[PDB]
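Just so you know, the protein sequences line up as chains A and B, in that order. Per our numbering: the first sequence = residues 14 to 868. Per our numbering: the second sequence = residues 812 to 1664. A virtual CB, placed ideally from N, CA and C, is assigned to each residue, including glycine. Read the structure below first, then the notes.
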Amino acid sequence: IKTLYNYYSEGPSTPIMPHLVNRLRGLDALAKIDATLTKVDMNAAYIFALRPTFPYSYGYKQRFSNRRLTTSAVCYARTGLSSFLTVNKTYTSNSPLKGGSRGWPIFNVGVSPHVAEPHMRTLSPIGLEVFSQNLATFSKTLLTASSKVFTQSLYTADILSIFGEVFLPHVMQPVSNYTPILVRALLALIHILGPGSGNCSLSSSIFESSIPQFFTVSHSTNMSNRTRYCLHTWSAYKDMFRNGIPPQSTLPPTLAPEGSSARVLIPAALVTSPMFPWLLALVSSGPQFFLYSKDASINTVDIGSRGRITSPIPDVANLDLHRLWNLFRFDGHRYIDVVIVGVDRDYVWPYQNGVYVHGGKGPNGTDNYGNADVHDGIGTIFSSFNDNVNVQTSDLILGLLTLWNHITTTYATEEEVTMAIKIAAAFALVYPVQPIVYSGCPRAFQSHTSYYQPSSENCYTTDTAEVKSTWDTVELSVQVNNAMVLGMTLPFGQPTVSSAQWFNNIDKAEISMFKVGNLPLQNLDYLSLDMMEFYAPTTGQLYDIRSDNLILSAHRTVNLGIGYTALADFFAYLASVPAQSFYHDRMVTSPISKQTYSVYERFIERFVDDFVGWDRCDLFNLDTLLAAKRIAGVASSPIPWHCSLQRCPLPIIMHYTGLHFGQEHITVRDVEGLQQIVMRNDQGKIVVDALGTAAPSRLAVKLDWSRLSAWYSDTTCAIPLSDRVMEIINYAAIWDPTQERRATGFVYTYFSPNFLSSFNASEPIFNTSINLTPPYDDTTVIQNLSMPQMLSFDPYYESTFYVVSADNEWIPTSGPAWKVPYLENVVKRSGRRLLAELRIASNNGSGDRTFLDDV
Amino acid sequence: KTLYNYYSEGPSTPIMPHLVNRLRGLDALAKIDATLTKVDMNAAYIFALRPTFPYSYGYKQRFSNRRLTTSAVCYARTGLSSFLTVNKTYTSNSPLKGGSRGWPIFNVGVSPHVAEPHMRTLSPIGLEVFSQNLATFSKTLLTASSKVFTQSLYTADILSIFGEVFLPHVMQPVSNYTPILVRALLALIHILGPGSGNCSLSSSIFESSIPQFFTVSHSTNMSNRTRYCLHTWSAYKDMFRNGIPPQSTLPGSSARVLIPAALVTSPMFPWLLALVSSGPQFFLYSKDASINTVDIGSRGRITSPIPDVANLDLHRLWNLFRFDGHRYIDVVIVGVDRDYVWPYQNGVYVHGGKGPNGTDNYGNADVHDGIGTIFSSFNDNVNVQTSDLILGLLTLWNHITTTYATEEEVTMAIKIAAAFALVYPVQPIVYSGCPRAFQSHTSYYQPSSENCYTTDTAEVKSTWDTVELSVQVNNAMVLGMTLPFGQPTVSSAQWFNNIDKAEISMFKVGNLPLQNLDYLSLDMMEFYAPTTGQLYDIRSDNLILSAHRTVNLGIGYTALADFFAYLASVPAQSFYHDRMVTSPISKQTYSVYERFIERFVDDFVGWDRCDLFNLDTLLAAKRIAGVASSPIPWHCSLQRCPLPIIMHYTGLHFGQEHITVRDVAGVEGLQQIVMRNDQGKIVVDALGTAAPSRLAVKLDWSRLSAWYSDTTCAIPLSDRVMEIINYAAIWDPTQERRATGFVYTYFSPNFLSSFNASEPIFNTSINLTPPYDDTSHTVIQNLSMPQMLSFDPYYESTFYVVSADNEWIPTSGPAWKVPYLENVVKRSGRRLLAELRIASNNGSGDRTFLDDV
């Protein structure tokens, strides 16, 4: 019903969570009906689904402008790493590379103790007859559905015996649930293709030109979450349970799934389906193999601060492009008995040569193989997943596209798909460490500060064609590499303490006992029973084109993940959670990190229960936050803790929350909100004597959300590019009476000039011909999308600080006297407009203002 | 309404709605009687692409017994019909008379906006597939419904192969065809050439008529070619697993078109591969420029072919544009055998068709670079008659409009194509200088001229034409050419000394939406029901009538753009080569010109403004190296169409009723202008009148007309002294030296001699010299817009029209030759002849007997 115009028109209400949850629900409903996913080209629908763009119009104002020509244009934010660039496995030489990490994080996911609640189902005509067999004394009239017309089918009497023997609970209580496998499918697709903005390294300059078309499969025993597979025919599998119960028996049915010792019944006609290898995955533990880009030279690109696109990044030779598939670890079933039904004693395993099914064809012409060999990993079978296998993107996703097409149409309901989308949105994206730039303090307060010099943190760029921003002063050493590797976050802000490292000729992984989350297991009994047509199908359709296709679903989960990130950033600027509380040294710099985590988890736990509907501890935990280690020789930058956990720019946060930061909140004219701040020294001489305005309290913002809009554009200044001196320092400072040295500056989480140059294109494609130059460029500002300073510098203590004038001739209530940014969301992507800001002199005569004043 | 109603009404205070409604009404009056296209192709071309705009003019003086012109009739035309350059084999470095050393390339990119597709109804096969995939099945491995599970979901065992391929479009039947109609209109207009017949930088070279023979040419460096891959349906199916993907892959294969074998042999097919590709894959020239080019003298003498025409090439406007379309196209051809022979080029083998040496089932899918490799009608050196090169375009337009398209798409295509329809040269401007009495109060004292270039030597050249076409001057004049909305170019091409080179910049002049070939394949494979009967406009199914509509719309666009530039006070020097180096005021004027254009485009065209007009090419000027700007004040507005066309499209009135006689008795309406020196001595103390402000013109539109009567003088031909300078000057308080003269835009005596013909045909027998009048032999004409009412785009100040010696009182009215104009309704003789042939004496038989419908 509602549209983007209605959402952009309205702002926050005093109950935020009842407002934010409803807004996110409406945004998801809008994401459902958006087209542009079926008729469009293949690698344009994929790029629109997985790399959504958020339009916005920037602009800044000045005090005394005389014929100032500005450009009103539209940019497109986008955030999230689409892949990860590391050094290749055969580098050696122990030398830094321009954008090549020595290792990558591993967001390991455990097994949930909670079980997804199954919903009712109805039996097939054959299933109802099994129910009659189990419910009544035997009679020949009970056998009503079985037949022998079709040979070796799912409708004879031996299938009836199977159903009555190993699936009695499901005959008595027909029930199923499919959200775990759907979650794993969504995560697999998203991680293989890569969501986000196209940035594919720890440096904000290297991007990914487009979605890759060719992958390579790599095997690594040391750092693979592999699971064991056994292959049997139904006859041999049943025969192995005759002379007692062997150890690790999968014979008894399962109602609450347990990690190890699972089994699945696979009909012979469905083994050959391309969906079978992906169905054995998405329920097993992963990743059993690593997926790389075939070529990192024709896919990775470099973006300059001014918008110059250089295709071959300096060190293409010694770099690998890991997909997000390799940055995630999932725990599923560790041992699976694949039992094939409707198969004689010469089956022959179709996929991998040298693999023999127990009870099938033997090695050399023999029949009824008598060995139940256990295969470690899904790569030992399913020849498509062997080592060094080059696959096209269509020949790898197709089976997935098949699997999702069947379950969502024949096996699962819409509620399961919605729950799967909501759960998978929690692990959808990976964000790099948050960079910040402290502006310093005015020279007037040089003697009243502990943080005088400007500084920067986590500001890393690798482009060398254009001018490098002075804020970016990060050199990729081993210690800095590890410190930033321990700094990536998930949509809810959870870090990871598990890492991997593959170089020289050695692969080594450190997986901690603490996990970033947990996922439910898929009950393989439901899968097996559905796959033998024991349950009645939910729908008679054949295609999911008109209802919840894989690409639209994945687009929905990516949208929900970006919404989770934006709302988490908003909650960070609701509980006064500093950015530095999520760095590598978060556990030793200050003991207030736990206090901040308390309020942050209070916000998150209320959001998850009100919107997601799943157990909160499975999606967010403090286990990885509290298990920080700190590298060693990495020192914290001298920056006060005054900025929140901003991971996505301000326009995305305003889109997902309704925050308004237009030019109506910038004061130009003027009754007494001012206060004179007086300070004397030991000689009794006044040394400050400056006007100031009190920063608003969170209660005041709660009762009036325009106070937060006015707080922005009062402490916000455009970030300079060539010099480390801001135009806000010359006029204003932060005065905190409770501090020993009461003056400070502004922290301003800072993305990049290259990153924002990547925002110019409406679609995340950058090869050579895309024009990333700023619109109507004339002449040194890096754009401010940073969220205002926190209204409180303590998670629990409420105290009032001030914005204090620094020169003499600036009155803080007369409006800011620098380059003051303003933002808008904008639905319709318009073109560049050359506007002029002038003085009003009562003789202002322009043709447009004279003749185009009708409307 | 008629032209008599529009010529009797003027502009109103709400001026954008007035102008837009007037333009819509004038569009409603563009009828060329399509029956004519079946009897007189050449007359239809002339009437469609070269509108006439008849007008009446006269001069009026006050105290002379001399008899001057009073009610003469002329016919005003705008635009370049073709371009004249040096030939590819020209080796020498000496300049040639009228031959440029390179032409601009108005490069157009791909619009990010996609034209919105409207609903379509499925054909019985499409409806079968739709009701098929919508049916409820029960999977079960016994039957084939289970094949979507046991086999990939892109299976063709439940649907057909075509149903599987077109499943997404069967689920959502939509289509849109304006991207191809825009290119068809542009192709026709650029091949034939619209406008006045002027075909060079010089205003004396003209095209004799619309050309009848073209020559193709190939250039590896300059052509914007695309790659084609030809297959058969059976061979195209076997490339993939067993069926072809619903969405085409990345690598050519960027686009795919399905053509039944019965439609390949149609003449529309080569023009269908074009108009969706990127162009121009080949260049078009006039066959022999020695017979289609004439030189027009000052008095009207049409001479022998161009003095150095043996070293010149007559480029068509086709060569002056660059479009970005699909770069890779798969031509599939469905319903053909394994012995299929490509019927358009020898040596071209279709994949799965006939092989090289009489073989069958050709196994290679060869990639052909450029539409010139296939379609031997577009080969390197091919002489093509006009009719058989335009027949394919006509058939394509008729078929698409009457089968696949709707009226809204055709109208949108016309309006979009009108923006790229015409090419204009640099604006020439004169400067009268200043009266001698103000010699010590001026910075621009000497009279001068800019971009005034003529090459005829048969008659006497006007004193205002002083341009010597050197290399730097050639480059500066080339970089001043503009589109109807005023967009110049920074790209160029040069084919000299057998060396061809194109400089294409990243800043385009505009964008056009891409054409979705999936809709094309669906319509041509009869999966959509044809849209027959959804064309309520009788001119939308021809092409020539449609092209006439877009040509008229483009002339209206440029007239309204000039009028907006006057309204927004945009100097004519903001569109030269040195627009960015001279003074930042150019961008300040752009900041209002953009608002005017954006309002007009958002109120009339309905398309995105950024596709039709940006400031990108304006803001990327190069200024050349050694061309110095003439000492002329920036008092002349941007103008490319003469005054009569401007007042035709806008409704302005400039008759003789606005000239005052007024024996002066009192002091009403006069001001005293004083300049005192350091010691307090008065040095000027002159009489003056206050120039009207734009606010007063908004509340009273007649004030502008009287303004035109107060500052306009007829331009002399053989002397650089304008009689207005003998009586009056401009006093600008915001100038350091406040005294200044008058500028005006000056076209040429030859360009106005070309206006003496009712139709743009000049070979030898046309008499362009006006007999019994002889006034034009000394005074040329003044077809310029009046002086700009403001010399500052942002702040309004009052300047004055001041007297030179106080003998002449400004209130008493002008003492010089005052021109007056009027729009007249006057059809041409050939137009009336065609009307008689197609309406009065039309027998036919399909209208006498097939009239019951």
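Look at the beta carbons and you see the stretch 537-557 of chain A touching the stretch 164-181 of chain A: at least three pairs across the two are nearer than 8 Å. In the pairwise beta carbon analysis, the stretch 1137-1152 of chain B is classified as touching the stretch 1163-1171 of chain B: at least three pairs are separated by under 8 Å.
With its beta carbon less than 8 Å from one in chain B, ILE558(A) belongs to the interface. In this structure, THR1266(B) is the residue among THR1266(B), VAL1403(B) and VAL1178(B) with its C-alpha nearest to the C-alpha of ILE1107(B).
When DSSP reads this structure, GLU1618(B) sits in no beta bridge, so it has no partner. Close to chain A, meaning a Cβ-Cβ distance shorter than 7 Å, are the following residues of the stretch 1371-1402 of chain B: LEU1378, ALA1379, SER1380, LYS1398, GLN1399, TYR1401 and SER1402. DSSP, reduced to helix, strand and coil, places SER274(A) outside both helices and strands of the structure shown, so it counts as coil.
Under the 8 Å criterion on CB atoms, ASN56(A) is classed as interfacial with respect to chain B. In terms of beta-carbon proximity, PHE505(A) stays away from the interface with chain B, with every pair separated by 8 Å or more.
Taking the Cβ atoms as the reference, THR509(A) lies roughly 27 Å from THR431(A), outside the contact range of under 8 Å. Shown here for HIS1210(B): same chain residues with a beta carbon closer than 7 Å to its own, the five before and five after excluded, namely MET1079 in chain order. Interface criterion not met: the Cβ of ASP736(A) is under 8 Å from no Cβ in chain B. By the neighbour-count definition (other C-beta atoms within 10 Å, threshold 16), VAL840(A) is an exposed residue. Taking C-beta separations shorter than 8 Å and ignoring five residues to either side along the sequence, the partners of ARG81(A) in its chain run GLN75, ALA849, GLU850 and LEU851, following chain order.
Cβ-Cβ distances below 6 Å link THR552(A) to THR422 in the same chain, with the five nearest sequence neighbours on each side left out; the list follows chain order. Within chain A, no residue has its CB atom less than 7 Å from the CB of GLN1326(B), the nearest being about 14 Å off. Here the alpha carbon of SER1402(B) sits roughly 5 Å from the alpha carbon of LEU847(A). The beta carbon of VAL1143(B) lies closer than 7 Å to those of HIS1042, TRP1044, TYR1047, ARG1067, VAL1068, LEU1069 and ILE1070 in the same chain, with the five residues before and after it left out. Residue state for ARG619(A) is assigned as helix, using DSSP reduced to three classes. Identification of chain B residues near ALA42(A) by a Cβ-Cβ cut-off of 7 Å yields none; the smallest Cβ-Cβ distance measures about 20 Å.
Out of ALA640(A), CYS243(A) and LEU304(A), the CA that lies nearest to the CA of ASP350(A) is found in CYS243(A). The C-alpha of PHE960(B) lies about 52 Å from the C-alpha of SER1316(B). If you check the CB distance, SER657(A) and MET800(A) come in under 8 Å. Per the coordinates, the alpha-carbon of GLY828(A) lies some 30 Å from the alpha-carbon of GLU470(A).
Within the DSSP bridge table, the entry for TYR1047(B) names no partner. Within 7 Å of the CB of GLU427(A), no CB atom of chain B is found; the nearest one sits about 17 Å away. The continuous beta strand (DSSP E) containing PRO118(A) extends over residues 117-124. With contacts defined as CB atoms closer than 8 Å, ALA1497(B) and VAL1612(B) fail to qualify as a contacting pair. By the Cβ neighbour-count rule, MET185(A) is exposed, with fewer than 16 other Cβ atoms within 10 Å of its own. Apart from the 5 residues on each side of it in sequence, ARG1641(B) sits with its Cβ closer than 6 Å to the Cβ of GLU1570 in its chain, given in chain order. One alpha carbon belongs to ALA774(A), the other to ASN784(A), and they sit about 7 Å apart. Among the CB atoms of chain B, none fall inside 8 Å of the CB of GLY112(A).
At a cut-off of 8 Å between C-beta atoms, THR1060(B) counts as an interface residue with respect to chain A. At a cut-off of 8 Å between C-beta atoms, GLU546(A) counts as an interface residue with respect to chain B.
Annotation: the continuous alpha helix (DSSP H) that includes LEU1515(B) extends over 1513-1522.
Scanning its chain for C-beta atoms nearer than 7 Å, with the 5 sequence neighbours on each side dropped, one finds around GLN608(A) the residues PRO808 and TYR809, in chain order.
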